[PDB]
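Residues 1 to 162 (the authors' numbering) make up the sequence shown, in order. First the structure, in the form of structure tokens, and then the observations on it.
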Amino acid sequence: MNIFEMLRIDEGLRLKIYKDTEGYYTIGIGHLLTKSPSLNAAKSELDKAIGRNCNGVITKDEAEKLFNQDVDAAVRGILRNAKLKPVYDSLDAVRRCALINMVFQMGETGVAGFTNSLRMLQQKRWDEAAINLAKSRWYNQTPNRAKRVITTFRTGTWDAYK
Ligand SMILES: [Cl-]
Ligand SMILES: [Cl-]
């Protein structure tokens, strides 16, 4: 299993504009378009993004190309963040996937906010971190996806995804 197959399971694929769990305008593999209420402000973002007139609908390829971009962006933002970088560096290969997962979903600023959890992950206190991570809006809103991610950090295996 790898980072792409993991996110594809957590986010799903959709070829038509839709609203995310928070109510935002999204498309493809969890690509957020706009936090704006307007379907028009969404269609326009979408055309800029693809380089064509989409009229709210894209192909598989287009969907995957956006996904490639977003994963890369997520990885580079982690390596550029003074708070994230060190954590990532301290982690093994699986766990590293788990942090990329939170970052793709919640943004760098967001995860950079889990000060305590970050500190415990760095210290390799797995069980403690799993417990602290659950005390968050994140976990309360998307509990099953949170659980999957959290098990990945606790265990270091891909069990929750198999
Ligand atoms: Cl809480
Ligand atoms: Cl969920």
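We put the CB at the ideal spot given by N, CA and C, even for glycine.
Quick check: is any heavy atom of ligand 1 less than 7 Å from the C-beta of residue i?
i	result
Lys35	no
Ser90	no
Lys135	yes
Taking C-alpha atoms, which residue in the options lies nearest to residue i?
i	options	result
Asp10	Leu39, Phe67, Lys48	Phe67
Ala41	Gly51, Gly56, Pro143	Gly56
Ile17	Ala49, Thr155, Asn81, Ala129	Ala49
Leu91	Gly156, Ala112, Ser136, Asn2	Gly156
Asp70	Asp47, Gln123, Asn101	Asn101
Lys124	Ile3, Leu33, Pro86, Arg80	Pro86
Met1	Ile58, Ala74, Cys97, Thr151	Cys97
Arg119	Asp89, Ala146, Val94	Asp89
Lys60	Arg8, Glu128, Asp159	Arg8
Could you pull out every residue in the same chain whose Cβ sits closer than 8 Å to the Cβ of residue i, ignoring the five residues on either side in sequence?
i	result
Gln141	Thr21, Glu22
Compute the beta-carbon to beta-carbon distance between residue i and residue j, rounded to the nearest angstrom, for a pair I have assumed lies under 8 Å.
i	j	result
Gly28	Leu13	7 Å
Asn116	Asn132	5 Å
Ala82	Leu15	No, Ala82 and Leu15 are not in contact; Cβ-Cβ is about 38 Å, not under 8 Å.
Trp138	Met106	7 Å
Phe114	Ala130	In fact, because the Cβ distance is near 12 Å, the residues do not count as touching under 8 Å.
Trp158	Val75	In fact, because the Cβ distance is near 19 Å, the residues do not count as touching under 8 Å.
Could you name the residues of the same chain whose beta carbon sits closer than 6 Å to that of residue i, not counting the 5 residues immediately before and after it, in chain order?
i	result
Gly77	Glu108
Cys54	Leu46, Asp47
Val111	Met102, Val103
For residue i, I'd like the list of residues in its chain whose CB is within less than 7 Å of its CB, leaving aside the five on either flank, ordered along the chain.
i	result
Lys19	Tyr25, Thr26
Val149	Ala98, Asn101, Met102
### Query
What does the shell around ligand 2 hold, if a residue joins when its beta-carbon is under 5 Å from any heavy atom?
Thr142, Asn144, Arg145
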